[PDB]
Structure formats: structure tokens, C-alpha cells
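Here is how the chains run, residue by residue.
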Amino acid sequence: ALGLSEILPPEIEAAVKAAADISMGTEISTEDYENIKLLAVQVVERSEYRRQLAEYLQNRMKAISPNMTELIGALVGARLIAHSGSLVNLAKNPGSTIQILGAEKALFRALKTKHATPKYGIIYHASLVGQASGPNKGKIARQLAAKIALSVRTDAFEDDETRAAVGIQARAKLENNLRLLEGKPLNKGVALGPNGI
Amino acid sequence: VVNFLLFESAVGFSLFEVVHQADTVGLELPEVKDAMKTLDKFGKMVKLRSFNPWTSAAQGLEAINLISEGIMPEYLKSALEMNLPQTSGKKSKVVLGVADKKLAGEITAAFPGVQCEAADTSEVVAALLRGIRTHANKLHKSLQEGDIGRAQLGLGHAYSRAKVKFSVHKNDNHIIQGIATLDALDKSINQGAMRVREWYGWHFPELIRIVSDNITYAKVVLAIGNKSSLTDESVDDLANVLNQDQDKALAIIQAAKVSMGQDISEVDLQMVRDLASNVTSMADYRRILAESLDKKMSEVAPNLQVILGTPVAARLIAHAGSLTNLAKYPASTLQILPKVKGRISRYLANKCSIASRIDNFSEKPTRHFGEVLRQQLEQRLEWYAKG
Amino acid sequence: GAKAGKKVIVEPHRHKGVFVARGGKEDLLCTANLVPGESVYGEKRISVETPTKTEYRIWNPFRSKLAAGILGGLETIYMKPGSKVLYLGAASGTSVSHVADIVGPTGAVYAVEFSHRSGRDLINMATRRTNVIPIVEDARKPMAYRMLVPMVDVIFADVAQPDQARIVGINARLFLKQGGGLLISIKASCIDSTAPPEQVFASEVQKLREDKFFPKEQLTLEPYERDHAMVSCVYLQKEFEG
Amino acid sequence: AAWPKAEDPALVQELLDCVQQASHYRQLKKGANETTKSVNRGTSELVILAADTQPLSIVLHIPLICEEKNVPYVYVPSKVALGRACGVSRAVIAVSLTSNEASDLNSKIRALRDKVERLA
Amino acid sequence: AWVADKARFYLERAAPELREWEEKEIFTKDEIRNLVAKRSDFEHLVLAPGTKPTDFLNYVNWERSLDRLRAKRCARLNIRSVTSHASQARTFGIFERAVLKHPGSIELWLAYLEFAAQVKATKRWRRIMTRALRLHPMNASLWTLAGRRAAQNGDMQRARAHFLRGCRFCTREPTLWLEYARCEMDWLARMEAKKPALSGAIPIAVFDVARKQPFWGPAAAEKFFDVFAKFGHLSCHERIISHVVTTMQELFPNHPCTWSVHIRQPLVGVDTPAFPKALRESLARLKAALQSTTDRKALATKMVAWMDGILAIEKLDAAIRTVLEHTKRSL
RNA sequence: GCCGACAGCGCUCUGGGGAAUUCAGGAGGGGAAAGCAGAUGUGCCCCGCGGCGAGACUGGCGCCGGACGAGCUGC
RNA sequence: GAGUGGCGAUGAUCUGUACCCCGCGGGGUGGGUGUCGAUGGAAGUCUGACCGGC
């Protein structure tokens, strides 16, 4: 769009008119501008292909495992599917394994080297263990991994709110469990007056 | 006894009244160096009579390119008619301090009653001005918005380019990064096009046997759609695609007539035609880059392209960085970048050096000189071919 | 020796913004790359991430008198991240790129050169880096670029002129601060080819001294150059920053 | 582009004579490529080019690296005079001449680039 | 900061008028407590390092409203021989210190010119005016104000000094050329109103010289027609308008500005049988002009702006009013 | 890497360390118009001293100098 | 009697991509490469009964 206001919020486009005024613009020809402009339309075409690929994978994962989608979402669950290979081969793995999917180098480094195993793997970029912080991160990594072995096991061995009857219960229990973990009082402390009394 | 002086800076002119003038005998004294060192004392010596900005960077570039040779402009004579009093040299004159001797002589030539001490001559106004240059940020801050260093920086790029004629004959940019993106997206279209061949070929096997040339595969599986709705000569396309009557189309509709593999669904076919439009738009943009890239390289450095071809001349110009660097390398350093093979490697390396510096250090370089370089290349090919 | 891909750790040098990269059989003086991923004139450089980003161009005492002085054992170089340096005799902007790597993004290098061709390579490098200004003018006429240069902290001087102390004299009398840095490379064969080099060096020091500088130290660049001196002095004060 | 043009009143003659004497002391790198190697390696003490080059762009590249290495360069107006000044039987287009620790030739290089410094 | 020292000079300089206000029955003693303490707080705020033109105008507004308060309270208690000149002198001190510290502040400069004009300080007003022009020479606001107040005072030569130096400097916008045609033709309006003046080739020289300028464009020339299109009661307004339309139809002859002045040209010397006569003449030029091959959208927008630009007038044929509304609908 | 006798050496002693804060100093950086050298309200008119200044004469040897002056302005 | 063709600083030559088996021709593994693979290997997929409130 440059060589108006839909692409970006205003008063930053006032700054791009300002830098367009006072910048060090080496006036290249319109043929070279046509080349860099066709690279721009190339990469915004790949951005549109990103959008419809993302909607493809979201709707497809909703059709394949709705328990997973109504726990952690299509992207993270899709990457678990991609790690173990398939849905039944994800379902044959225990809940600790589905906690440690994605962290096997640190994990067998720790197990062969007598050190601290990793608390989580792929799971960390879900909408919940990112919502928690502190020790609640590893704790809700455990219990989310247990409930998610359970839910992907239901999706893998059998309108959509009866097919997704495990994931909604695990969302309610697991987010209620979140706020009872986080919204907690601190350690009880005495108060002292001006004199140490 | 200096009355006024003139500080000319990259944002504009500004002339200062000076009152409580400097110790003209004790200039090298340390306490006077302190009073010429800190702002809270020298500013008791200088006021600010007038400021004259630049209404455009074109006026700034003409202002440097007059004031470097030492000629004043008509707007400087304007601001000095604005500021200086109407004096002949009859009975009362006005001393102005100017950092340049010929500007002083021209300015006493234009104004007969000004008399100008130049900072090349007298250390009084050389110091009284040198300190306006020290504090002229804080001295001008109350009326000039923004920093001075960026206006300096842009004015220095502007004056260097206007004095040297830089970007009228510096066009290296459009092939180093262009062959970077050209080989990059050739790798990309091999990757994604191999993907769409693997997956639609997972749906429909023998199209790998009838149609190779990966991007033509991608367009023919954009157009063929599903295994179901085929006619061979459907709409105005397959004659421009490939052979039609005896060779390909009967193998297409016959191959899907005797098709063997798995079926597929509609949204999956939306993936194969979004991915197909990905690959074929990538190929169209590759045609655009090869066209404008080869035209541009034959319009900028033709010698390396006639003796080598623009993909490998593009690889050497991106491989050394610029025409100035590849020109600066010697013969055997370009040879870095039985005995017949390495011998002609040395010979074409040496001619690629001589073609490099003849390619750069002409103004807008020609074409026939590299043509006669390839004439020497052909007669050395014949010089071995007498065997 | 210093082959591409050898593991080599980087520790800071004694100066401000100068780095030293110690490897197994060697060591390499290096600066921090201001524009990453790009070598200026085709030099070796070092990439490292925080525990993509960090990059260190390797700096050559055979192609740079200032690196010959830093490996020559110089006390101070007067330049630090944040300084303003007036470089004199800037051919192609190579050592101007290393000075620009020292003073960094907030600093400013004011590169002056007479020749138009080194002007062009200087505009290439100085178009890539945004703290260096290109000035293609005569160093014997400072009133040409008096509209371009403010009061700088340091002047670096590498010109092959017989009137070198006069050129740096008037450039410091227009552009160098009260108590300013000056760092001059001197070629005795270029000033006086029939005199002994210690006497040429001492005479150029005396011309700066009656040009009202104050010489702090002198070192000769002689495992890396021949008959070259590096004189470090300070304008109008005995101590630098004032 | 030959702004350090040497004058035919015997400065060219002293240049070509010192070329010949350095050729007899083997201090002489002949031709544009070997000149370029001597300047880039920094061995060079002085360098002469020839302005009788038919395209002069093919020797215009070494004043850049001579400005970088700070060695004096100067043009003589005949590559044939430079060529038999070297003693080559071909046309030498650009010559570079180095030095050592102790030679009267090194003294002649010193006085010669003193004259070249009087040009530039 | 020695703000207590320099502030101590200004407070102790202010003290004997407070003495005279306590010994006259005008203010009372705790009022003078509030007054001394507030004077002090302003003087330390103003002589403080980090200050603003807002702060200087706050203390100018408060000190001057103090002078008006003492004036009205003086008129209450029927006092005479108490004067305002320590307040005016003091206010000139606040301004002189103000535009000495922040001289690049046209709020301060225009406010100081406003005070110097409201206290009838004319010679001092011109000195402030020249200092303001020297620090802001690219300011059409200041060059216009100097030229116009010089014209209303009556020295048109000094007005033309401020204007011709102004047109020398402010040459990005057309604004000061418009105000010098506007003020020079204001002077010709005064000369033909009192009746060189018979010819009046000065704004024509402004026009033809103004051709060679970096602003000189067709829309700006239409702003020249908006300037000259008033004062149609003159001697040579048809000659000046006719030179503008003729020269634009000799240099830019394919522009809806030239077609727009081709419409509005017979309506210069009007304000009445000629008003429908030249109005329908502008309908002949209008129908001749809207069909012309030019920037038809720009002429359509100009004529929506012009047919809307007549509507406030009265005593018109309602058929003409409605048919111009339908012409706005038709375009 | 911890521990380390004897012999010897150095620093220090209201023994030796660490943290929290209260007080007394020192050095350095960075930021800041950071600017009280003579601090007299405004406007008009008359005088005095002076500055620009059109235009006009003259003496001496191609110059330098005298001495007139419409008008406008500063103090 | 006329018109063409002809190395080299505007870079000749030389040590140096390996060894071996044969009659300028052919073959056994190189090493560095640059790809896509691959099923193949390193390579195996944490702990398991308490904890919080009062």
C-alpha cells in the first residue's frame, strides 16, 4: 500500500507518513518496486493460506477428537497426535507420558544423569498451564495430563455436546480446580505495632 | 568589538547578539576556558536574535552545496536584511562573526556597513563561536523541535550522495537479495510441490507416470479436481497444457477410468487446491523474478552475465557482496569464490575478474565488451579443441 | 589457525566496547556487530546467543591502525559507547565500521574522506549503519562541513599527508571539545622520508604540542606495521573528559 | 579518472627508471593482478599505473585498495613504456614495487613517493 | 537554583505598592497576606528551572486580573492617584523574562503582543513585533498581524514593509500572498472609497510575480479568486478579476478552477436587476462549463460547494433556488 | 576441591564475618537554558547629541578629502 | 598487383581432488560435498498416595 487506514490503526500511519517524509528514501525504479511488491503479495497470499489452513486443522480436529478440542484445543492436541503418530497410539500412552510429550531430550538426560525430570512438554502452550503460574504450573500440568489421557482415550475408543461429554466436565473441574489452587491465602503472619508489640 | 555573529547549522541559520564580549587578551586563561566550557556562563555572553529553519531538505542540500564552496544564498541575504541594521560604512558599522573568510568577504560585499571577523582569522570569534557549537543544542532547544543529529545525518547522506552522484549508478541491491529469494523459493516450491504430489498422488497414483514437471502437475491437479467428474478436452485448457489427442488426455480420463486407489473428501480437496494455488502462484512469481532479474542484470552488469549466465553471476555477486567487492578481488581469489579442468577454471576465473572490474567501473556499462570476452572464450575452447 | 567453525569464547577487553575472543591456539580482537548478519569487507565474525542475536566482527591490526594500537598496548582509546568520533581519512569505511561498532547505536561517527570512490563504498557502509555520517569533502577545508559536524569527543586521524598536524590542527580548532581526545596514526616515511623515524615522530608530537594539544603516550606499531607511530593526546587539558 | 597524472618532464622518467632498477633488484610485482596481490597483502611501497589503458576501468580498482592501505599511486601515460621499463616484452599495465629493510633502492622509493606526495 | 535570591529581588521590588495598598483602605491585611504569599509562589514557580509558557501566562493572567481587581475596588472606594503602572511595568517584566526563556513560543509572543496592544503600548508593540518576526519569520500569523495592524493604524508604507518582507519569507503556503492581495486591495478599497490608485497594478504584480513561486497552483489561484472576489464596488476590479481569469485561461486553461471563475466572473461587481441577470449569465457559463471536458468531479464538488455557498442570501426566485437544488441532485 | 601441624610472613585488634536500617563524609556518571554585568510604567510634543539617507556643491593629487541637505529614526 | 587469418602480465608454466587393477579407454573403495529418503541405529517415554482447610 505504499511506494490506507484499513491495514493498521491510525496515528501510527501518521508516523509512517512522517518517516515517509523525512526518511533516507533511495528512489528506486518502478520495476524494482514491482518486484518487491509482488513479493509482498506473495507473502500476504501465504498469510491467507495460513488462515484457512488454521481453520482447516481446527475444524478437522473438532471432527476427529472433540474431547481434545474441548480440553486444550486443536493445535496443541494436533501436535500430541503428531508426536505419537496417531490417535490410538496416543491413547495407548499413560497420563505421565502425555505430560512429558515433547521434552524427551531433557527427560532422558535427567533420567540417565540422575537429575530433575522436566515438569511438562508440549502441554505448556495450552490455555490453562499458561493461565496458572508458579507451582500451579507443574501441578496443573499433572492433572491436565491425567484428564487428557482420559479424554483422548474416550475419543479414541468411543449433537456434539454428547460426543463431547468428557471434555466439558474436565474443563469445569479443571478450571474450578485452577481457581481453588490460585486464589489461596498466604501464610498467617502476626502484626506488630509501633513498638514491636 | 563583535556585535552579532552567525551560526549556520544543519537545521538552519541562527544569528546571535553578543553582549559581554570575550576576554580578547586572556583567551588562553583557564578561568576563561571554564566560562567558555559551561553553559551557565557563556550563555550570559550569547543571546538569540534570529532563527531561520529550512523549509525543505532541498533548500538544505543547496545550502550545503553553496556554503561549502563559500557562496551565500538569497535567503541568507534575506535574513540579514531582516536582522542587521541599515548601515553604510559611513559613520557607524556593525561587526558580524562568520566562520568562513570568503563568506565574510561576500557578506561585506553585499552589505557595505557590516564588517565581518572570520573564525579562520581571529581566535576571539573562533572561540566565541566555538562554544555556540558546543552548547547550540541547549541554545536552540526552545525553538527547534526534535533532535539536531538526525537532521545532520540526513543532510550528510544527502550532500555526500549529491556530491558523488551515488545512487544514479549504484544498483547492486536488486540481485544479491533477489537470488537469495529466488533460490529460496525454488527450494520452497520443490518442497511444497513435492508435498502436493505426495498427497494428491496418494489419492491418485499414475499421474506421476503421465505427468512429471512438478508445477505442471500442480496446475493439472488444480484443474482435474476429483476422480469423478472427468472429461478429457473439457474447457480450453489442455491443448495449452500439454499434448491432447494421442498422448496425455486419454491417459488421464482412461487412468481415472481404471483408477485404483483411495477416495477423498471435499474439504481435503480444498486443501489440495489451496496448496495447488500456493504452488502455481509461487511458480508465476518465479517467472517474474527470473524475467526482471535477468533483464536488470543485463542492464546493470552485463559482462558477468554474458560470460557466465545470470544465475551463477547472481551467485557470485551475492557470494562476494557487491560489484565493488568482487571487483576488488584478484584473479585467484575469484578462483576461490586432469589439468585441463582446473586450467580453464583459472582462465575463466581471470576473465571473470577482468569482466568484474570492467563491469563495475564504467558509468552505465555496455554489452559488446563482454561479447568479445565470450569471443575469446570460444576461441580458447577451440584452442583446446585442436587436439 | 582461526578456521571457520572453531569454538572460541569471548571475554571483554580492557577498553569500552572492545572484545577479545580467546580460542584454543589463538586469540582474536573483535568488536560487536552493529548491523548483524553482514560483514563489511569480507571478514571473519562470531555468532553467539544469550544463555541469532549476538555477533562480533573480527578486527584486523593489518587492515586497521586502531586495532594495531589496541593490540599495540594503548592506555586509552577515548572512544566508548556513546562517544562522538571525527574520523579523518576514511577509505572505504572499514575502520569507520569498527569505530561505529565501538560507539554503537547511541554514538556518532563523522567520516571524512576526499576521494569519490571510497566515498561510494563509504556511502554503502554508511547507508547500512545509521550512526555513521558520510562526509566526502577535503579535510583541509573544515568550513565546508562546519554545517555537518558538531563538537565531537574524539578525533581519529589517519591521513597520509605532509601537513597532517595542520589539518588535524584546524579540524580540532573547529570541532573538538575542551579537553578533547585525539588519536593520530603517523607514517614517518610519509612526513619525511629522509629522516629517522623517531625524529619524525618526536617532531610531529612537537607540532601538535605547539598546536596546543597535550601528548599522553606514544607507541610504535611494530609487530604489525613498520615506521608507524600511534600518538594519543588530549586537546587543551591534561586530563581527558574535563 | 587519472587525477594523479605524472608529468612527462622527467618525473615519468624517474618513475620508469626506478621501475627498471627495482626490476633488477627483484622488488617488482608486475601486472594488475600481482600488483593487486601486493597491495592487498600490504607488501607494496609504491605503485604506478598506466593511463594508456584502452579501457582504464580494468586498472581503476587498485586506487581504492591503495587508498585503504595508504600507499602512493601515480599514473604514467604509456603501458608500453612501463612494459619495457619492466623488461617484459609485453605491455605492463600497472606495476607495484616493494622494499626491504636496507637498500639504496628503498631510499629511492622514499624520495620518489615524496615526489608523488607532492602530486597528491 | 538561586531562585530565592532573584525571587527576593522581584518580591522586594513589588513591596511598596503593597505598602500603599495597605495604607490606603483598599485591600485589608489578610488579603495582603494571601497576596504576598501568592506573588511569592508564582515568582518561585517562574524563576524555577523547569518552566513552561503556560506557567508564564498563568502569572500574567493572575497579575493582570489583580490589577483589574484593584481597579474596580479603587472605583468602589472612590480613590484616585493610585496608579496601575507598577502592575503594567511588572507585567512587561514577566513577559520579557518569559520570551527570554521560551522565545520559540508563539503563544507567548502573541499573548505579549495582545497585552502590549490592549494597554495602548504601540511603539513597544512594534519592537516586540519585530523581535517576534525575527524569531519566527516563517510564521504567516505574525507577518499577517504586523501588516494588518500597521494598515489599520494607517502607515501603509510600513505595512508594505512587513508584507513584502513577509512574502519574501513565507513562501510555502499561499496565505500571506492572499493577505497581501487582501490588504493591498483593502487599501485600494480605501483609496477608491476616498475618491497609483487609478491604475492599481500592485496586486496584479503580486499575481504575475506569484506565478514563479513553489506554491503556485490552480486551487491556490482559486483562493486568489476567493480573495479578489470581494469588494466588487471598485474601479478596476473587473480588470484585476479579468487578468486573473485570463491568465489562468492562458496558463492552466483546462482546470475546474478556471471553469469555476468562468462561472463566477460576472458576479464580482454585483451585490437589483443585474443579480438575476448575472445569475442567469452564470447559468449560461454554468451550463457551458459543466459539460466541458475537465476534472468534472472537482467542478461538481466546487459547484455543490458554491450552490450551497449562495443559500443564505434572501430575495431570490424560488424556482431558481429549487432548480439549483435539483442541479445539486443531478450532479 | 575441602582440611591442614611446626617453622616463617602479611594484614588487623572496643577479635572476625553476613544482612537490615539510622546517621557522617568522599569520588564519578547522567540529566537541566543551566542565562539577577548594572534590574527605572506608557504614549505624544519641544529642545540637545547622534545615526541612516535621496539629492546636491567644492579643494588638492586617477583617488583622497571638505561641507551642504529633503526626509526617516534612535537615545 | 591487392584483401583474410597469428600464444603470453588484458597472466605462460609448475607442486596437488587419492591410491590401486588392467590395454589415451575401462574398473574396487575415496573424502569433502548438495539433496530427498530410510525401515536402520543413538533411544528408553517421569514418580505413584497423599495433600489442603480447621
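Residues numbered from 1 in each chain as written, not as in the entry; some residues may be left out. Chains lettered and ligands numbered in written order. Part of a larger assembly, values for the part shown. Heavy atoms only, no water. Residues with missing side-chain atoms left out of burial classes, pairs and counts.

- If you check the header, you'll see the entry was determined by cryo-EM and the resolution is listed as 3.2 Å.

- Identification of chain D as Snu13 from Chaetomium thermophilum is taken from the PDB entry.
- The title given to this PDB entry is "Cryo-EM structure of the 90S pre-ribosome from Chaetomium thermophilum".
- Listed in UniProt under the heading Sequence similarities (unreviewed entry), the comment for chain D reads: "Belongs to the eukaryotic ribosomal protein eL8 family."
- Under the Subcellular location (unreviewed entry) heading, UniProt states for chain D: "Nucleus, Nucleolus". (UniProt positions renumbered as here; feature names shortened; annotations may be inferred.)

- The PDB entry annotates chain C as Nop1 of Chaetomium thermophilum.
- Regarding chain C, the relevant UniProt record gives this comment under Subcellular location (unreviewed entry): "Nucleus, Nucleolus".
- What the UniProt record of chain C gives under Sequence similarities (unreviewed entry) is the line "Belongs to the methyltransferase superfamily. Fibrillarin family."

### Structural notes on the interface of chain B and chain C
Often the size quoted for an interface is simply the accessible area lost on bringing the parts together.
Move 1: Taken together, the contact pairs 37 residues of chain B with 38 residues of chain C.
Move 2: Only β1 (4–9), α3 (57–67), α5 (101–110), α7 (132–140), α8 (149–164) and α17 (323–328) of chain B provide two or more residues apiece to the side of chain B that touches chain C.
Move 3: If you tally residues by element for the side of chain B that touches chain C, the top one is α8(B), at 10 residues.
Move 4: The residue inventory of the side of chain B that touches chain C, partitioned by class, reads 13 nonpolar, 10 polar and 14 charged. (Contact = heavy atoms within 4.5 Å. Helix = DSSP H or I, 4+ residues; strand = E, 2+ residues; numbered from the N terminus. Nonpolar A, V, L, I, M, F, W, Y, C, P; charged D, E, K, R; others polar.)

### Thoughts on the nonpolar core
Move 1: Core analysis: the biggest nonpolar cluster contains 100 residues, and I132(B), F224(E) and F228(E) have the highest contact counts within it.
Move 2: Counting residues in each nonpolar core, the second largest holds 71 residues, with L316(B), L323(B), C352(B) and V59(D) among its members. (Core = buried A, V, L, I, M, F, W, Y, C linked by side-chain atoms within 4.5 Å. Buried < 20%, exposed > 50% of the residue type's maximum accessible area, 1.4 Å probe, protein only.)

### Some words on the pattern of salt bridges
Move 1: All told, the structure shown has 5 salt bridges over all chains when counted by the stated rule.
Move 2: Note that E81(B) is salt-bridged to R168(E), the shortest N-O span being 2.6 Å. Here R168(E) lies in helix α8 (residues 156–169) and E81(B) lies in helix α4 (residues 74–83), a pairing that spans two chains.
Move 3: Residue class for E81(B) comes out partly exposed when judged on its relative accessible area of 32%.
Move 4: What makes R168(E) partly exposed here is its relative accessible area of 38%.
Move 5: A salt bridge links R57(C) to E43(C); the nearest nitrogen and oxygen atoms lie 2.3 Å apart. Accessibility assignment for this pair places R57(C) and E43(C) in one class, buried. (Salt bridge = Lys/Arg side-chain N within 4 Å of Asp/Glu carboxyl O.)

### Focus: the sheet that holds strand β3 (residues 50–53) of chain B
All names here are of chain B.
Move 1: Read from one edge of the open sheet, 5 strands run β3-β2-β1-β4-β5, paired in mixed fashion. Edge positions in the sheet fall to β3 and β5 (114–118), since each has one partner strand and no second. The average undirected angle you get between the axes of adjacent strands in this sheet is 20°.
Move 2: In the sheet, strand β4 (residues 94–98) pairs with β5 via 5 bridges, with the strands oriented parallel. Its bridge partner lying in β5, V94 is registered against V114.
Move 3: Each of β1, β2 (12–17) and β3 touches α7; the most contacted strand, β1, lies at about 80° to it. (Pairing = 2+ DSSP bridges. Axes fitted to C-alpha atoms, helices over the stretch in contact; angles between N-to-C directions.)

### Focus on the protein's contact with RNA strand F
Move 1: Looking at RNA strand F, there are 33 residues lining it, with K44(B), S88(B), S92(B), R13(E) and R124(E) nearest.
Move 2: Sugar plus phosphate, as a fraction of atoms of RNA strand F within 4 Å of the protein: 60%.
Move 3: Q86(B) has a polar backbone atom sitting 3.5 Å from a sugar or linking oxygen of RNA strand F.
Move 4: For the surface near RNA strand F, the secondary-structure elements that each account for two or more residues are α2 (39–42) and α7 of chain B together with α1 (3–23), α4 (85–101) and α6 (122–135) of chain E.
Move 5: The residue makeup of the surface near RNA strand F, split by class, is 11 nonpolar, 7 polar and 15 charged. (Near = heavy atom within 4 Å. Polar contact = N/O pair within 3.5 Å; in protein donor to acceptor, adjacent residues only side chain to side chain.)

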